[PDB]
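What follows is a set of notes on a single structure, which appears directly below.
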Amino acid sequence: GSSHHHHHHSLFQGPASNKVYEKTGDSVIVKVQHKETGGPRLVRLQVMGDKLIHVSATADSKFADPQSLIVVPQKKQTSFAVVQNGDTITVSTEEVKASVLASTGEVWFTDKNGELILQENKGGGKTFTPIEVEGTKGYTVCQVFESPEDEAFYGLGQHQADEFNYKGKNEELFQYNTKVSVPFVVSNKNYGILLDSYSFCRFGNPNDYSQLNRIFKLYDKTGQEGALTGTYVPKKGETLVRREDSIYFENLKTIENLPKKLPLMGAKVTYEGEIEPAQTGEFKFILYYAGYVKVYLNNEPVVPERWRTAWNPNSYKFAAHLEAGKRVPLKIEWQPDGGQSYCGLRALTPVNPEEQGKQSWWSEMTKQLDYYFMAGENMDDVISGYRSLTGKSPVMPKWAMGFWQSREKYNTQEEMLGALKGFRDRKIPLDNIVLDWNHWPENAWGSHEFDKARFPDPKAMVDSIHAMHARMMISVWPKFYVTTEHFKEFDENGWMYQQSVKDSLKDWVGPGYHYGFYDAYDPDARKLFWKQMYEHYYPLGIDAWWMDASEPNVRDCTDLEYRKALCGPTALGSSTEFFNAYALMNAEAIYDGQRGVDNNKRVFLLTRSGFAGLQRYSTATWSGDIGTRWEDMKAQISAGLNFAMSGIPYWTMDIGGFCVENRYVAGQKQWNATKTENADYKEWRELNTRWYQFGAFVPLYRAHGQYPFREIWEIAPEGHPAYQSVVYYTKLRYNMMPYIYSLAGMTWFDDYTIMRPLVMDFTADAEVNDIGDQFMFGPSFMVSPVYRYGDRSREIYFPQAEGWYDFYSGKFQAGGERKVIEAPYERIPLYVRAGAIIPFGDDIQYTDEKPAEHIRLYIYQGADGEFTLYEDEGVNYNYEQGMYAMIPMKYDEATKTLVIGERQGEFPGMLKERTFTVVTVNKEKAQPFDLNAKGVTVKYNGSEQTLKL
Ligand SMILES: *[C@@H]1O[C@@](F)(CO)[C@@H](O)[C@H](O)[C@H]1O
Ligand code: NI
């Protein structure tokens, strides 16, 4: 008879091995009754919270159940029922019903009324393939879910391909300078999925891209099959023309396939011919590039010009419908812009839209499948589930919400202190000043000592920064030179990765030095790493830590196989299994380290990589070594929005870009010599102006990068429109500080998110689903950056709402329409939602320079609204013990009534008495933003007051 007839499971208390399922305390384990090759044997539903379900599956006859690196213990047990009804077993909490079929192990989730939220691939969507690495065993796993046509997806980290809304899209999840992977997605169907894997993963297509010669017939410039043509025009000498098998020069091994006797700096390279596919459909291409690049396909400019500095290539994707058997022209124009540079083009063959639309996860190596489902009333509630599972985000120190000035790099104590004093002298507000790498003696990276010729008294430097009411952040790497005592202490305990040592790698500094990176997955290595920081930097009074190369970036531009060799083995297993969580491990070392020394003092860490759970360590990510390019600026909008949707609410970017086009450096040198502006230097000024405008509305407002200097007075002089604009926005950040710091309080108290795609607040208006170039800054402000040189307007979609108001003029704009909006050089388009209650304070030079005694409470009428003004001591964790104050405010449109609520809580130094001026903006009253606006004066002492406007 059937396999089922011969072998199937089915007394209240007999051994579980006789039964189809077993309920324990918080889970049900189901034995799959129709086992398939590569399918699950066991599927477990574990209840983590009313809205939180942990799904595990394995091909083995027991679960490995390793300790998660990301999910923390939960606060309380959760009550639930289980019902078995034939093939269906359903676990129900008060808020969700999670069902599994015994036959296949397939899972689905509904709300309390049985409305479907998420369904696994019909018949099952899980596949297991064994993998063995370095004597450790595990599985490569795929998990696929059904997805309706109107579902939209956000998250996955911070990627640099300008993708927004991942429905039907692909992304590879690994870490590399500018690319931060977080295995979490949020849907507009109000749930999230967190995949608990630390290996290389993929969302969408589970396959690697293919070289062009594997999927197309190629014809060269002369029409000869078997290749494309590569034409290399050097800066000096003879042009070389050859046939190319494939366009794939993407790492140190494959760039050796470029022509041997042809210098690439200043070269112009053209790859061209025709391609012919063998099937019909949408081909998905990926371009890997450094230097300047353009791509044309079928006579269409599919990739308008992009650039990265030669050493930090990026990926950009495009797709095209192609017909089987038809030749189409292809042309790539490439200016390598360095002696070593990168260019590659690969593709995926068409996937049926029915399959390509599904939600597909692939994981190279884990011990079992583990994922977490979190349902929500809205996307904020989904994020709250993620915060419950992976830890709440502490309130950043208030000073971190001000302006940060950085440089690659301040070279001396005098230079750094001079920059700070420049802000104070010019009355341009600033909280934070940053000391980058190379502050140590040249031969002593990892010693954590200062070069005393350039920094003669580091303690006096920090004391001077504090005397000017600023905070100091310092660069710290997980990299140590082999000659240092600190390296030797890791090494003698087996806590240094050896591949870089074995291979005699030299870095770029001076003659080149030998180095390694430490194993942050070892708990004792983490404690040593912190102890070294504690012995050398902490006593100087340094406030904040800036960790570079936390991917880890052991060697630039290497292939996957060599990157894995460079960063393992780890204390937990192979680097194949433990590939993506290095930054998280380092964040644990620093946060737990510093709170171990002083539990009261706030922690600030900024790191280049990231992972799920990062936020629990009061750690932000920055988007890394991006280019001084309009297209990179644009990409930062979508990258930041996806990062926010990945659950991590503090994020930043190098305003202006990190790596600088040569023409901009030459523009600056000309300015220094002659005080004349060339065409490139004009562009430099406009790029920085627009990028500062954007940056003023991201969670951390920070300028950094390579030469030119990035202080505003270096970019343009007083009176120049760039100076006037950037100083306007810098000041505005500080006038907004009562609002901004309330958002920071909300990150902890309400599991909030600061930089928000429109889909979060306007989920019901599906026109917002693909908009990745506008965003909300908190609940009230819609920001629409200008990201093209010369533009003095841009198209803006106003989500469906009672209305919107131009911030600058107060003029009304209807919801639910798209229009071209003016955007002068000096202004970023900025609108306020009807119903907004926004507190503004007076000019200050730094956070808390003065108490916020007089706040202007702007009420943008036309809809109901609520806002809570949050305050605390700013610098310590006393809010964790209830030392904070909230002033809730509520506005009712129907009665035009504002309630300023009774104050809840108190703390040391809190204003007991204060003043509000309540200022209205409405459809009949276009009130420009103005601190001196006419309104109603309220003297507030903590007691509720009600105003009828
Ligand atoms: C790591 O490298 C530096 F230290 C030097 O380029 C920093 O300035 C960069 O911002 C960071 O990516
Ligand atoms: Ni030491």
Side-chain angles (χ1 to χ4, degrees), residues 378 380 735-743 745-746 749-750 752 754 756 758 760-762 764-765 776-782 798-816 830-841 852 854-871 885-889 891-905 911 914-949:
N378 53 48
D380 284 300
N735 301 117
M736 292 184 49
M737 193 59 56
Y739 175 83
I740 294 175
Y741 192 63
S742 302
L743 311 185
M746 290 163 76
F749 286 104
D750 303 303
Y752 200 58
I754 293 164
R756 303 162 66 75
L758 300 185
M760 297 192 76
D761 299 295
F762 307 98
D765 182 355
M776 301 301 294
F777 181 61
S780 297
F781 286 100
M782 183 173 71
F798 294 92
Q800 294 178 334
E802 289 86 351
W804 292 94
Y805 297 91
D806 178 89
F807 173 69
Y808 310 99
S809 67
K811 185 163 158 52
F812 182 84
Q813 165 63 55
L830 187 63
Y831 285 78
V832 177
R833 185 175 181 188
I837 300 170
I838 311 171
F840 299 92
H854 185 198
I855 282 177
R856 320 322 184 261
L857 290 176
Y858 269 58
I859 315 300
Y860 289 80
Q861 301 177 283
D864 297 347
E866 296 184 350
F867 175 84
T868 295
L869 179 68
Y870 176 85
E871 296 182 333
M886 288 177 181
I887 300 168
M889 304 177 185
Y891 173 74
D892 183 70
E893 174 63 18
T895 63
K896 315 288 181 291
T897 301
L898 174 67
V899 182
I900 303 174
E902 185 167 324
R903 183 165 57 219
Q904 297 167 19
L911 287 162
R914 67 202 300 162
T915 304
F916 299 113
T917 300
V918 177
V919 179
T920 55
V921 187
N922 64 60
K923 192 165 179 187
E924 293 71 27
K925 187 195 170 189
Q927 172 61 65
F929 175 66
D930 179 6
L931 290 174
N932 295 318
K934 181 170 172 57
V936 176
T937 301
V938 177
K939 294 302 185 177
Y940 181 82
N941 70 2
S943 299
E944 185 189 272
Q945 298 193 45
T946 297
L947 290 78
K948 303 285 183 175
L949 310 163

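Numbering of residues begins at 1 and proceeds along the displayed sequence. All values below were derived from every heavy atom in this structure, side-chain atoms included, with hydrogens, water molecules and symmetry-related copies excluded.
In this structure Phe781 satisfies the ring-ring contact (aromatic ring centres under 6.0 Å, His included) test together with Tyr739, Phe807, sequence neighbours excluded. For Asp806, there are no salt bridge (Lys or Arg N to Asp or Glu O under 4.0 Å) partners at least two apart in sequence or on another chain. Remark: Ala836 pairs with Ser780, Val832, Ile838, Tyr860 by the side-chain contact (heavy atoms from CB on, under 4.5 Å) rule, at least two apart or across chains. Considering only residues two or more places apart in sequence or on other chains, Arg833 meets the salt bridge (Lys or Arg N to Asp or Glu O under 4.0 Å) condition with none of them. By the salt bridge (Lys or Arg N to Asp or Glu O under 4.0 Å) test, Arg903 pairs with no residue at all, sequence neighbours left out.
Under a 3.5 Å cut-off, the side chain of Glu871 and the backbone N or O of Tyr741 do not form any donor-acceptor pair.
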Can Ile900 and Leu857 be said to form a side-chain contact (heavy atoms from CB on, under 4.5 Å), step by step?
CA-CA 10 Å; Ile900 303 174; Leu857 290 176; 3.9 Å; yes
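Looking at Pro779 and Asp761, their side chains never come closer than 4.5 Å, going by heavy atoms from C-beta outward. Residues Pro839 and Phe916 have side chains not in contact (no heavy-atom distance under 4.5 Å, counting atoms from C-beta outward). Residues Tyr805 and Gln813 form no side-chain contact, since every pair of their non-hydrogen atoms from C-beta on lies 4.5 Å or further apart. Proximity of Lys948 to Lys896: side-chain heavy atoms (C-beta onward) are nowhere separated by under 4.5 Å. Side-chain contact between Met889 and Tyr891 is absent, with no heavy atoms from C-beta onward closer than 4.5 Å. You'll find the side chain of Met782 reaches within 4.5 Å of the side chain of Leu758, heavy atoms only. For the pair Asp380 and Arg756, the minimum side-chain heavy-atom distance is below 4.5 Å.
Listed here is the closest heavy atom pair of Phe762 and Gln800: CD2-O, 3.7 Å.
To the nearest 0.5 angstrom, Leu949 atom CG is 9.0 Å from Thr895 atom OG1.
Within the structure, every pair that satisfies the side chain to side chain donor-acceptor pair (under 3.5 Å) test and touches residues 923-937, not counting sequence neighbours, is listed here: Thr920-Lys925.
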